[PDB]
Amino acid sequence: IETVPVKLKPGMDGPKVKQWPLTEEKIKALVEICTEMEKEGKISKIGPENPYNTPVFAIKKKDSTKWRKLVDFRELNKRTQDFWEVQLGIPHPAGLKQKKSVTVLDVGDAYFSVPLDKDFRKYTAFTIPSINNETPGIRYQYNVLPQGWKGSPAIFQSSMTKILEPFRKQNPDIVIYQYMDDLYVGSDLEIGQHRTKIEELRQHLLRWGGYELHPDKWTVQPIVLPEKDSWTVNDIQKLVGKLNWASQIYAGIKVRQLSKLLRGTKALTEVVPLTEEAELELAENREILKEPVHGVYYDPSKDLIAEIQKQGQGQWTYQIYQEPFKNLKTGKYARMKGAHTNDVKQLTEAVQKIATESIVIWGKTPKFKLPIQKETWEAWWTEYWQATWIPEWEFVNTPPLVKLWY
């Protein structure tokens, strides 16, 4: 096969990201995986004259108890030339988000049969570490389309489409979307009857080279105001402050007839009776908040942003937007793993599910604003990751001024 010429973006160099420490079991797995990949020619041993590096680690599902090597090409993908610029990106089908079930398949191994431009290979270097630093790091670079590189789906696009078209025509009401190393396949059948054809798909895919998602049960959680017949000064204050925040989102919301019952330097526990011209304001705004917001449309030319808040007792609220206060989606994630303790595992699972919904809905992941210290997240998150992709994220400390979302 002939290599497609690839370039980094103008004025950018390759990734220079240090490897982080790995447990004994992940090091053994990476060494087992890469020595076999070296033999089959998919990667080659390199030295330190290659000045580039990207972190590697490994994930193992109990969805399937084999280790999977995961190279965090997030930096490399950021610096790689756009492929929608050069007529080779993959269009997202707006039908996928409406199908009964969508199963996700890991098809990254198909990339390993297409050679990568040798001039670009040096940017794909990674380094396996050493327990107690018994040895120097061992370095490799890819010779084929790497898993996790955003260029691999683009270069492989024409091949995969011909691998799929028999399945596409024999089953025309199934919609398949390739994202990174993944296939998102959905249609409207019984769970048994959906598992029918995904496995027919697997064996056609095996002929040449985990969870069942259900988009309809992705309830949107609106802004809910409390309910009771007796209100204290503090209850009204927190309410007036919550609606004042929601005035930056929704439209025509008033607090004038709620603010001035608080007139005076009242005690926080004093029970203020509602006027008729206050209960008027509240029940009026109560439903401006019932059905969601007018005039907010997805723009594929901009990034998706996701914000998560911890709510306690296993619950996590999230908003996905592109410009602030113009939310495309707001939701609430829940957990019941049976251990009932780990906040970091919960948030890691919350990010994967939110990122998966964005792929299903819009075709790409959002950049996450995580409610966690950088160093607490980096200490534990890889122990719970189970996607073959990794979204962008940053770390925030936003004290809950309003907790409108609960």
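So that the term is clear: the rigid core is the largest set of C-alpha atoms that superpose within 1.5 Å between two forms. Start at 1 and count along the sequence shown; that's the residue number.
> Between 188 to 196 and 89 to 97, which one shows the bigger average Cα displacement from this form in 9 other deposited structures of this protein once the rigid core is aligned?
Result of the core-fitted comparison in 9 other deposited structures of this protein: 188 to 196 deviates more.
> In 9 other deposited structures of this protein, superposed on the rigid core, which stretch sits farther off in Cα RMS terms, 49 to 57 or 334 to 342?
The stretch that sits farther from the shown form in 9 other deposited structures of this protein is 334 to 342.
> Count up the deposited residues without coordinates from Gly209 to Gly210 and drop the result into none, 1 to 3, 4 to 9, or 10 or more.
Going from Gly209 to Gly210, the model skips 10 or more residues of the deposited sequence.
> Would 141 to 149 or 84 to 92 have the larger average of its C-alpha temperature factors, as given in the entry?
That would be 84 to 92.
> Comparing average C-alpha B factors as deposited, tell me which of 279 to 287 and 120 to 128 sits higher.
Comparing 279 to 287 with 120 to 128, the higher average CA B-factor belongs to 279 to 287.
> Per the coordinate record, which of the options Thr219, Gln178, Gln311, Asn244 holds the highest CA temperature factor?
Going by the entry's C-alpha B-factors, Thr219 comes out highest.
> Among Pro136, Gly186, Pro115, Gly252, where is the Cα B factor highest in this entry?
Result of the comparison over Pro136, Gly186, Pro115, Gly252: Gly252.
> How does the C-alpha B factor of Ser64 compare with the rest of the chain: lowest, middle or highest third?
Ranked within chain, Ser64 CA B lands in the highest tercile.
> Lowest, middle or highest third: which one holds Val240 when the chain's residues are ordered by CA B-factor from the entry?
Middle third, going by the recorded CA B-factors of the chain.
> Could you tell me which third, lowest, middle or highest, the C-alpha B-factor of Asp299 occupies within its chain?
Middle third, going by the recorded CA B-factors of the chain.
> Going by what the PDB entry lists, where does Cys34 fall on CA B-factor within its chain: lowest, middle or highest third?
It belongs to the middle third of the chain when residues are ordered by C-alpha B-factor.
> Using only modelled residues of the chain, where does the Cα B factor of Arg74 rank: lowest third, middle third or highest third?
For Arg74, the deposited C-alpha B-factor lands in the lowest third.
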